[PDB]
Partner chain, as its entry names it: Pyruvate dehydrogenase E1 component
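Before any questions on how it binds or moves, here is one chain, the form solved without the partner chain, in structure tokens.
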């Protein structure tokens, strides 16, 4: 529940809580950097890739 969380929309807050996302690590592509659903989806996809490639 950091600054990124304060600035996120209720729906994005909820998604980040559900899946353990630190929104400070997500690159927002909305207006003025606002985090969009597809931004969290891209972050999660890439995390899963790196995790499955890791030993």
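For the two forms, the rigid core is made up of the largest set of C-alpha atoms that agree within 1.5 Å on superposition. Residues that one form lacks are left out of the comparison. Numbering follows the first chain given and starts at 1.
Separately, the form solved in complex with the partner chain exists; it is not shown, and the next lines address it.
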- request: Using the arrangement in the bound PDB entry, list in sequence order the residues of 1 to 17 with any heavy atom within 4.5 angstroms of the partner chain.
  value: 2, 5, 6, 7, 8, 9, 10, 11, 12, 13, 14, 17
Large Cα shift (2 Å or above) at residue 6 between this form and the one not shown, core-fitted: yes
- prompt: Relative to the superposed rigid core, which consecutive-residue segments of length 3 or more display CA displacements of 2 Å or more between this form and the one not shown?
  reply: 1 to 7
